[PDB]
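A single chain comes next, written as structure tokens; it is the form deposited in one PDB entry.
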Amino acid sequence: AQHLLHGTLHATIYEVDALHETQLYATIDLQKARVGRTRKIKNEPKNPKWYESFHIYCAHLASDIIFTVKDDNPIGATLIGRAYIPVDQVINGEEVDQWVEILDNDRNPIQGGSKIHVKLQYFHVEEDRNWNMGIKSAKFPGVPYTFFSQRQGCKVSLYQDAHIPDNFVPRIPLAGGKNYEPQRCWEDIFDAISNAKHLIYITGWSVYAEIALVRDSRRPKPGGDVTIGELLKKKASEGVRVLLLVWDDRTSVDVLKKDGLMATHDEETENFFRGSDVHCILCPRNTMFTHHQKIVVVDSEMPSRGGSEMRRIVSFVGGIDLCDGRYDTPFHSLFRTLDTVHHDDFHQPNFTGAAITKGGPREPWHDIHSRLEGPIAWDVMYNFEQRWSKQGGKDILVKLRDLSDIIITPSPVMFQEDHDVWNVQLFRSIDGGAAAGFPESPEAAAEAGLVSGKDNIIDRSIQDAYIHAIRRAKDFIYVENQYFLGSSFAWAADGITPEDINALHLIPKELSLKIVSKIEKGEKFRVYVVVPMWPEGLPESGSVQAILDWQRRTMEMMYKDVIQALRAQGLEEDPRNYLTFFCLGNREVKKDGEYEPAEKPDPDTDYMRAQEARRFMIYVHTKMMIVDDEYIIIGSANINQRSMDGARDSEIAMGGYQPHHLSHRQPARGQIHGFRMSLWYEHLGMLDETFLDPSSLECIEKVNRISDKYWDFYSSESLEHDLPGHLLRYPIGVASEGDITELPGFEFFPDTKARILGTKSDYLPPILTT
């Protein structure tokens, strides 16, 4: 630790000249923090040649860049030695190309004097032309070094929950002269599946065949009450190619399942479809990990007022699986839908023995999804094809070249001059064990940002897209995510050895370094983060407690960064006017005519307490980030190592902007702005002029104040009225030095015996919980 490397480190590890079943590889560390490794080379025991290149994202304190040569021989693994390049050598940004001595544990040359050949070049974040500039022109080329390139001529529909009722949204005027109009996710998916004529491809972490997609009696749709299972079986019986890849939840980790973290129905679904014309494949990770992508791909009629007989591809990505517990609206009711839309869809995994017959609260489900049109839709389909080819069933993917006269070649849905147009790019966390067709040669892999893992090539373009989206930010960042933990290389060694945690992804540290850079420049900037009150499961459980502890350490790292920057500027200010954390909750007075359960919970349980207090969190399952009202990422990937790693859970996400609605010379007032405002209206219960510019001090102060008011209403012993909104200040305090503290009287979440600050586990290894 001397030298902050915040930027990108281009590296090539060529070879070891001469070492005087062997599987030789080299790792790259920034001080103690691992940042890359080569593939393993066989049949070259004396002169291993990797010729492997890296584009390493740096946000690290370091004195030495350390290359370790190792042999992963199954009969025994061995350390060959270490080579050191001082950070002084790269800090000025000039290219370094060196043959450096490999040394033993006493820093003496290893036998024979072997040297490793490496090339390095450090690019500080401000060397990037979008650093602190946003997207900054309609000619922005996309995120570099990714497998999928940015697509033009696209259209994205943004979905706020599974469903939205009639006339929900206030008037949110947009640059083109109309008001923002919310789209409805499961109505649209129902239509997409019902109208497909050639293919329906679905992936899910969980699929439940017995749910209906359409349930709003005020917005009925013909056939909308059919279950998704009966709908898919009908379409397949008519000849549509219906292919599902559902995570093999038979491989779950028992301890996580028992704690409530894996409430899935994939196996049940496979039994539902076998014998039908639906091809439902149970897909193991290849477990400790899961297949977490949530995908729907269909053929759809080509936009054409008169009609073209032709078809195009349309794809959905985001957080919402087609399973139990996901249907909801921004009302997020705890008790008042138990005899309507949740009577047969009661989801509450946070109490032992929760059941509709014992009453609510159910767990409301806040989530975000998207529909993708234009060439990007084929990229999602290509992901499905890669996975099916590797882990699917028979050779029954639709062959798009045999259908050139039926399904168009990948094509835009709008002209690039149309201000509604989107530029969209697809990102993933997946590896060669799960997806066929990645390039084998190191040069081609590096051009796509693919990195070597222990045994497979790795796509980590989701983490890369997040890093890039944060670095170009200039006004504000708004995050909703199921998890918020990581950058453990920069955690305090406070009762832990940080290097043992291995939650190395950069998102939390990039956020705090971005905040620090703006403070240093005296430029206004705000970061808003909405997380669930606790991650789904029994909150007293080892798993949930471990996650809250990781979350606490992550928050503490960031606030210490912020406070240190404020103090260096001579500022004494509340760091929560720079970085602010929220969760969501609801609370409903018992009005006449509500569902009356036949039974009750046991007398001194979380369940009984929550039922009597009439309150519960609204679960934040979203995985979305909005930057500057101009760029948005929506997908399946949580802000944790499980999602960001690349070789842990498989994930997918899109990142997009409208090139004519950027935040450059005018405020961004396109679809992303409309959506962000619609989300804020849902959570705050109101819109206010100050919310138009979330970088302002007046905005964050007002949002924070409202969220404190709602926490007071939520957590009070007394209840007179429904909660007027849902956004709660996350129930922690920030000490003057950045330590996260309990609130007075709230060691535990309301109605629970669960510590808000969490508990480090002595049994669960961090690989399971990070």
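Numbering starts at 1 and runs along the sequence shown. Take the two forms, superpose them, and find the largest set of C-alpha atoms that agree within 1.5 Å; that set is the rigid core.
Form deposited in another entry: not shown, discussed below.
- Query: So which one of 260, 449, 134, 81 actually moves, Cα shift of 2 Å or more between the shown form and the other one once the core is superposed?
  - Reply: It is 260; the other listed residues stay below 2 Å.
- Item | Threshold 2 Å Cα movement between the shown form and the other one at residue 250, rigid core reference | Yes; residue 250 is a residue whose C-alpha shifts (by 2 Å or more) between the shown form and the other one when the cores are overlaid.
- Classify the change in Cα distance between residue 260 and residue 495 in the other entry as closer or farther, relative to the shown form (magnitude of 3 Å or more). Farther: residue 260 and residue 495 separate by 3 Å or more in the other entry.
- Query: Would one find the Cα atoms of residue 258 and residue 344 closer or farther in the other entry than in this form, where their distance changes by 3 Å or more?
  - Reply: Residues converge in the other entry, at least 3 Å closer.
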